[PDB]
Structure formats: structure tokens, C-alpha cells
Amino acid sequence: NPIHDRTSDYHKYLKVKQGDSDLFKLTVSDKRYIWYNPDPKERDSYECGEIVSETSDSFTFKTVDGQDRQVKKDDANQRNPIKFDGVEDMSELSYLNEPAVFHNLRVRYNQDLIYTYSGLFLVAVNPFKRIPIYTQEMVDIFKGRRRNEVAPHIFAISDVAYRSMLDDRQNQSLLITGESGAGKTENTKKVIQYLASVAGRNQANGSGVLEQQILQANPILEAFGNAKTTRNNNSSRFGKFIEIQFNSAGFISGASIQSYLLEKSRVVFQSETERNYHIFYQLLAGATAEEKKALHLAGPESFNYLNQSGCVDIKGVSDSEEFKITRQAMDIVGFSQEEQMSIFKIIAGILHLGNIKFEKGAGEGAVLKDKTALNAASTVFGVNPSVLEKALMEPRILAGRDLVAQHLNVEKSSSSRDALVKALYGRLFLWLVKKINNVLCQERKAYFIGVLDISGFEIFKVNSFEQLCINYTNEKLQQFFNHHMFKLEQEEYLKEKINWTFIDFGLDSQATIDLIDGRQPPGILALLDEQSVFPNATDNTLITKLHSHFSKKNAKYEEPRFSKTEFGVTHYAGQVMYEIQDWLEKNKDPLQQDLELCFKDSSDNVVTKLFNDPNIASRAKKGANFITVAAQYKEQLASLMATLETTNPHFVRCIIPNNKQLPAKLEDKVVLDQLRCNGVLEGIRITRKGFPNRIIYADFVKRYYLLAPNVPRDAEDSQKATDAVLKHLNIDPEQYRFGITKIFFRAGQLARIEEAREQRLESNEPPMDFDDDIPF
């Protein structure tokens, strides 16, 4: 067994290295140490000092240099006995404080051990380097193992979820949190892998093929939906809820993906040093010359949407090599060889349209002198060039009931062309997602395990509407954790009347969540929508309204003194200053009907669908206007949170080590912030200070029954049989507390008492054998 062979890759890569004699001499030392601050100014930079002397309320230690300071014992950050350094579960630490909890993560991380448990939830500090812990071999190890039996691993919590789904017959979900570039997506993938191989049919195409498809899906989505931002080379610019469905038996019956809030302004604009979506870069430098000549493609720097950020390559990635993998996945899912081409015709077309140059006519209406790009785009799109032209600069609109044709100036024509682009892409993602889900969804599920993988919290120099929506979400998920961890939990202890003194773990971002989506009184997204429907409304009228409502009124809000177009929101992960520029047209999402009228008329069977399929081209109507971006997302989100609330949640807090995407560089001010706002320690204090073990006296007969002399799975009070089954074994009763519909146990006490009789081969079935028919 690899688990026990201290030679296996399992031991080499998942277990902490055996120490040496010097270490032992140290581990048994009688000395006591303190975690202190060499420089008060910098709280998060700690040094280990030896406690030299003490008094009733204070410790006195010597610093690294040699000077001695004291500190009242209450404000002392005691260092845990070094036999703890490396603990796979910080729930066990004797002293639970920031430097102590950070030192364990340092120790383990310096050993390439990225996983550690902080109670019921797992932790994952980005390695920023590959580690052989996700092989089929490591998959097999974890399958069917109790969490205690094995080391912390994304595969463990997955399995744990699985058993719980099968056992309680309750749907489950894996919520992976983290800021931008912390591992969420990487860990997301492992959950599927493990879940696909462990609960899959061993390949009967349908179930070994259905699984290959499920697996081949993500690369597709990551090709058109991910990109290089200044915080991650593979940033997920759209969230998603992946659902893995199981039949009543417990085998993978199917899966379905639900995309969310895709940053579609990226196709037309990328900040300095970033990249458009990979998809463009792959097809461009990865397509056959024959294909290269059919879409009139050329060098990335030739296309306006790709040559502006000053970055066309990603250190370590081969767009051509990646382009292949993409086509490889499209085939596994089911995409036709025809469909795929359109996909690229549409992408080539999105590039050409962006090259289109509008110029001032003799008058103020813009003109197109060069038709080269206009026709290239129209050509591969199956549309009519002159129709497109007229649609771009002279869109017909209604004046009351009149039909007036507009004549956009350069500025307005450009923006229209961009609206076309973005609209084109957004539909395609949707479609690609839509198309895909029909392959993977072909049987009514019995149960499912949801895997939420969103865009993490981000703070760029210019933060717009997308960034507000993104952080709004990251704030919503965070509260989902708080609620479940402290709110629901404590609320459970209160009525049981278990005599639980309420604790306020100081974690609650309701004020911030309210300032954004609240309706009455109106939060930010409310006034925004309201401004979005008023005729003579402008960005200025908007920030002013926001200011008007919240400046010097709301605590999570701030009106800057250095700007008249930015407003600051205080998030759990930090304050974020938002530029209000373009929020109106962004929230309205405009597109000229003539353009939409121009594409429905497309010869290409893929494009046509984008503008004709109602669930692709349509848009809800909110009375006299269409539904706003801010309104549907709030709606989509609320729907998810509704879906989430109906499951049993498993948390995984991913932690970025530094801000340089570098391995072996765990910066401590960075890590500590994350652990702080994430509420990790608080997440640990609650499991320690609480009784998380709980079962009614009915299910008490499930495992604790014959414990004792006489006292079976049957009785007419099981509350009578309670204090008799453990009392006989005299289990500390100060460990549990019998409040009243069921009974609680403290800190995995159910476990020690479990193995008391669990790993009991003494009478477990080796009494039959003593005076058998061995008597004559």
C-alpha cells in the first residue's frame, strides 16, 4: 500500500519529509518561543523569538539581535511547538493566530505541499509550478478514502463530496474561492477529472466517451473565454457553474455548463501588455496556409484588435500547439468540420471588421474610403458589403413613428462597429456553450455535484462596469461562506438550546452587498438602471446621482477628492475605485437593428443562427425597454445562489502566493491579507470552539448500539440509551452536549469515539467463535 510505503510518489509528493536527528533534538527541546514584530509599522513581517521569562500577565523574550521586549500575554502570538509545523490540519494547532497559521502554510508550501486543511474546508496556495499529484495513480489512491486516512488533496474533498451525495442522497456543490490567478480554474479541472474517472463507466462510449467529451469541453471554453490579463496569463473572463449529474445508481449520467457575465468588451479593447482571447491568437498563427488564404488572415500585428496592447505572445505557451488541442476538443464534442470553419469565419470576420476605418466626410457624417476590410468581413460572413456599410454609418431609426436614416460621425460609427463585434462574439460563446451542453446533457439526472468556477476578485488601474460585477460576485460568494460557516451553524446551536454563547466573528459584508444590488433603498445597480432609462441622462448625471445618494452617507462608499468620474466601494478584499465612463451604453447594450437585420440575412448557417435563434438573438423587455445587463445578471446570480442554497457546500479557498506569478516566493503581506478577508482563522475558531458533530438519537442506532452490554439498535427512547452507550465507556461528556432534537459532539469527538468501536476487531465479529459448536 503506497499510503504506507514511505517510498511512494504519494509519500514523496503528499507527505511531509521525515526529519533528521538535529531536528529531533530540537523537537524535544524545553524552550518556548513567541512570534513577534521587529517593526511595529509592518504587522505582517514576523520573527521567532524565545520566551525568556514571565509574570502572571506577561511574557518577556529576546529578539533575533539580542535585545529583550515584553508583552502582555493577551497580545502574545505564541509559537506552536515545532512538532506541529507541517500539520495537514490547522484545526489541531494549540495556538491559533495569524503568524502561527501562516507558518504552517509556509512550512508545507516550502515543501511543495500546496494543500492543508483548516477544518472542514481545504486551502490551496498556488505552486506556480507543476507537481505530479494528479496522475491516474494518485486518483486511485484517494478513491473511497475517509478524509483522515489520507493527506489533504483536491481529490479528497471531491471524493468526500461524492460519498456524501451517495449516502445522504442530497445534491452537493464545490465552491472554490480566490482572487485573480490563485488556482480556482486549475482546481476546478481536477474535481471533474477525479469525479469523471471515479464515478464514470469504464469507457463504454456513452460513459467512457461521454467522459472524454466532458473533459474535452473545457479546453474549448478556455480557448474563446480565457485571456491574458495583468494578473493571470489564463484569466477566466467569464464565470460558470458546471453540473455533474449522476443516475440513481451513482454513475455519471451527464453534465451541464452555465456560463456567466463574459467580459465581451475585450474583443475590441485590451489594456497595455494584455491579450485578446487566446482563440484569435491560435487560429491566426496555427491555421493552414490554405485556411489562411480563405479568411484573408495575416499577422496578428496586422489586425487592430490584436496590435494595440503590445503583447502577442505568452511566455511558455504555443498558440499553434494550443490551436490544435482546441480543434481536437471540438471533434470529441461533436462539432461538424463545417461548423468549426464558420466558427473561424466568424472569428476571422471579427478581426477584419476591426480593421474597418471610418473617416470624416465633407460633412460630419463619417465615410469609408477603403472597402478592403469591409468586403473581407462581409465575404467570410456571408453578408452583403454595401448593406453592411449602410448599416454601419447610416442606421435607420424611428422618429416618433417616422423612419429616419442616421448618419453617424467617425466616433459613433466606430462604436457601432464595436457593438457588432462584441455582439457577434457573445452570441458565439453562448452558442458554443449551448451547442456543447446538448452533447453532455441527454438523461434526466438523479443527483448532481455542482462546481462553481468564477472570475476572481481583481483590481486593475482602470476599473469599469465589468470589474464591479466581478467583485460584486466575489463578495456574494464570500458571504455565502460566512453565512454557512457562522450564521447557519450558530443558528443551529441556539434552539437545541445547547447553551451556546453567541460569537460575532466580525465577518459580514451585507452592507457592501447592499450598496450594490439593494432596491429599497436603491443601491448602485438600481440608480444605474434608472439612469439607463432616462432620455437626457449622461455619465456625469450618473456619478452625481450616485454621489448624491451615498457620498458621506454610506460607509462602504466614497466620493474621491481627486476625481469627478470615479467612486470607491469598500470590498472585503479591499477598496476599489471605479471609473464611471461608458457605464450607460455598457449597461444598455445597444446594437442597430439594421445590422441585426443585416446578419439574419447571412448565407452561413452558423452566423444566421446567432441572429435568428430567439434564445440567442432575443432579449427580454422590461416594460418599454429591454432588460439591462445589470438586471439580468443580478437575476442570473440570484438564481444560482438559489440553486446553491439547496445543496450541501464544500469550500476550497485558493491562495495566490505573490503578485508576480512566480514559484517559491510566498510573500507574507499578500498571503495574510487573503487569509484575513477570507476569514480562514475565523473558519477555524468556529470548528474548534464548536460542536460540529450532530445526529438525532434515532441514527444513534446506526453505529453506536451494541457499544455496551445491553442496548441494541432498538428502544423506545434512544435519548435514554445515549448517556449509557458512551458512559459505559465513560467518554468525557464535556466533549459533547445533548441539546434536544439531536445531540452534538465537539471537534471530531464523534470520530475518536467512532474509532473507539469502529476499528474494533476485538468483538466486532470474532465473538461467534469462542464456545461455538466447539462445545460438543
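One-based numbering along the sequence shown.
**Student:** Where do the C-alpha atoms have the higher mean temperature factor in this entry, in 468 to 476 or in 219 to 227?
**Tutor:** Looking at the recorded C-alpha B-factors, 219 to 227 comes out higher on average.
**Student:** State which stretch shows the higher mean Cα B factor in the entry: 138 to 146 or 672 to 680.
**Tutor:** The entry gives the higher C-alpha B-factor average to 138 to 146.
**Student:** Return the residue from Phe626, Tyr578, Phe269, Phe155 that has the highest Cα B-factor in the entry.
**Tutor:** Highest CA B-factor of the listed options: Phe626.
**Student:** Whose CA atom has the top B-factor in the entry, of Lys189, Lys72, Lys586, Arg694?
**Tutor:** Reading the PDB entry, the winner on C-alpha B-factor is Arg694.
**Student:** Going by the entry, which third of its chain does the Cα temperature factor of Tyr736 land in?
**Tutor:** For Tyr736, the deposited C-alpha B-factor lands in the highest third.
**Student:** Pull the Cα B-factor of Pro38 out of the PDB entry and bin it into the chain's lowest, middle or highest third.
**Tutor:** Its C-alpha B-factor, which the entry lists for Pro38, ranks in the lowest third among residues of this chain.
**Student:** Consider only the C-alpha atoms of the modelled residues in this chain, order them by B-factor as the entry records it, and name the third containing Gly361: lowest, middle or highest.
**Tutor:** Within its chain, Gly361 is a highest-third residue by C-alpha B-factor, going by the deposited values.
**Student:** Using the B-factor values recorded in the entry, state whether the Cα atom of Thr60 falls in the lowest, middle or highest third among the modelled residues of its chain.
**Tutor:** Lowest third, going by the recorded CA B-factors of the chain.
**Student:** Would the CA B-factor of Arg130 place it in the lowest, middle or highest third of its chain?
**Tutor:** Middle third, going by the recorded CA B-factors of the chain.
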